[PDB]
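1. sharing the initial chains of the complex here, in place:
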Amino acid sequence: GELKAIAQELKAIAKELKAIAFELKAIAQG
Amino acid sequence: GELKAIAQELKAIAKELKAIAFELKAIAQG
Amino acid sequence: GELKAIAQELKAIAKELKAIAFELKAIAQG
Amino acid sequence: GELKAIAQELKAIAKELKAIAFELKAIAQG
């Protein structure tokens, strides 16, 4: 139901943030 | 239902993070 | 009520993320 | 109670994101 749908979107938000962290690490390296 | 409304705003937040990751990838490419 | 207020706050958060994506687009435009 | 405390922290998150947007605008300008 709905509480699970909410947790799923939080998952998808963490996933985007991980990709943000990697782009920044690339930038910090060059 | 407001619980569905909450999940939808979270999905929209994920969408914006997706766009942020793309722009940072572009900057890393500099 | 309160679940609505939570959703309205997530929408404001999404709005801020839009502006962040926009400035990042500007910075990418190097 | 608790649902209000949650909305309050979402407020404080949006506030930090607004300050992030302004720092990025400054960077996009110079």
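-> Received, thanks. Residues are numbered from 1 along each chain as shown, chains lettered A, B, ... in the order given.
2. how about the residues of chain A near chain D?
-> For chain A, the contact set with chain D under CB under 8 Å from any CB of the partner chain is empty. To be clear about C-beta, it is placed using only N, CA and C from the backbone, and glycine gets the same treatment.
3. ok, which residues in chain A are in contact with chain B?
-> Applying CB under 8 Å from any CB, we find that chain A lies next to chain B at A:2-3, A:5-6, A:8-10, A:12-13, A:16-17, A:19-20, A:23-24, A:26-27.
4. what about the strands in chain A?
-> Remark: no strands are assigned in chain A by DSSP state E.
5. ok so, going back, filter the residues of chain A next to chain B down to just the buried residues.
-> Buried members of the residues of chain A next to chain B, scored by 16 or more other CB atoms under 10 Å in any protein chain shown, are A:9, A:12-13, A:16, A:19-20, A:23.
6. can you tell me which of the residues you listed are in helices?
-> If you go by DSSP state H, those have A:9, A:12-13, A:16, A:19-20, A:23 in helices.
7. put chain E onto that model:
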Amino acid sequence: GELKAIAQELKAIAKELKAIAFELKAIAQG
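-> Just below you will find chain E, in place on the chains above:
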């Protein structure tokens, strides 16, 4: 209660955004 636990994680997320805003302010100072 898990609702208190949720508010606490949100506060911790706000703390991290605070640190992100500081570092960006430092970069804007370049």
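8. may I have stretch A:14-26 exported as PDB, CA atoms only?
-> Taking C-alpha atoms only, stretch A:14-26 is exported to PDB below (Å, rounded to 0.1, in the frame of the first residue of the first chain):
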ATOM      1  CA  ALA A  14      18.800   8.000  -2.000                       C
ATOM      2  CA  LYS A  15      19.800   6.400  -5.400                       C
ATOM      3  CA  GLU A  16      19.800   9.800  -7.100                       C
ATOM      4  CA  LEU A  17      21.900  11.300  -4.200                       C
ATOM      5  CA  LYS A  18      24.500   8.500  -4.600                       C
ATOM      6  CA  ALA A  19      24.800   9.400  -8.200                       C
ATOM      7  CA  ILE A  20      25.200  13.100  -7.200                       C
ATOM      8  CA  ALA A  21      28.000  12.100  -4.800                       C
ATOM      9  CA  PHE A  22      29.900  10.200  -7.600                       C
ATOM     10  CA  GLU A  23      29.700  13.100 -10.000                       C
ATOM     11  CA  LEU A  24      31.100  15.400  -7.200                       C
ATOM     12  CA  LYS A  25      33.900  13.000  -6.500                       C
ATOM     13  CA  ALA A  26      34.700  13.000 -10.200                       C
END
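9. chain F follows; place it on the structure:
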Amino acid sequence: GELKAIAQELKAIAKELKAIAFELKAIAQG
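-> Same chains as before, plus chain F:
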């Protein structure tokens, strides 16, 4: 249960934001 899963996802999100703050600190170190 489900509210716990929501909180555990917010904690993972906080963890990603820590790494973002760290890379930004590195970039600030210009």
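10. for residue A:25, which non-adjacent residue is spatially closest?
-> Spatial nearest neighbour of residue A:25, excluding adjacent residues (CB to CB, 6 or more residues apart in numbering or on different chains): residue F:23 at 5.1 Å.
11. which residues are in contact with the one you found?
-> A:21, A:24-25, A:27-28 (CB atoms under 8 Å, 6 or more residues apart in numbering or on different chains).
12. how near is it to chain B?
-> Taking CB to the nearest CB, to the nearest Å as the measure, residue F:23 falls 10 Å from chain B.
13. and the gap between that residue and chain C?
-> 15 Å.
14. contacting residues around residue A:18?
-> F:16, F:19.
15. apologies, that question was intended for residue A:2.
-> Contacts of residue A:2 by CB under 8 Å, 6+ apart are B:1, B:3-4, B:7.
16. which of the residues you listed are buried?
-> For those, buried by 16+ other CB under 10 Å: residue B:7.
17. just the ones of the contacts of residue A:2 in helices?
-> B:3-4, B:7.
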